């Protein structure tokens, strides 16, 4: 792989594992998975070691997208190694810019994933205190933003 994207949320259990899995399927379906390094991570240590929110798995089973992930927190190395760090909401973004300024090498462009949505839904909102319709909304946003991001990065 010589391209790489890291999807990021606060816990790495609801949103970023879905965006990760949606993007991996996309590239796999188009024969280019070998060209991409794809992963997801948390800004915080709340959920380190945990699989994705079960409500998330259920949604992704409905759409036939496999999801295997163990939550982890972003590291200093991630800012050097990834081409793109795509986050969910403004809070993630503040936190990621903060962390990016504590390291020498930040190769990554740090952006909101929803900046790629043709339907212009900027923020992918945390579904943790929501229900299945919200996980569905997050899945749908991810599909739109990942097709676009893949089509053409900014």
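Residue numbers count along the first chain shown, from 1.
- When 121-129 is weighed against 81-89, 121-129 comes out higher, by mean CA B-factor as recorded in the entry.
- Relative to its counterpart among 63-71 and 41-49, 63-71 has the higher mean temperature factor, C-alpha atoms as listed in the PDB entry.
- Looking at the C-alpha B-factors along this chain, the one for residue 145 belongs to the highest third.
- Among all modelled residues in its chain, residue 26 ranks in the highest third by Cα B-factor.
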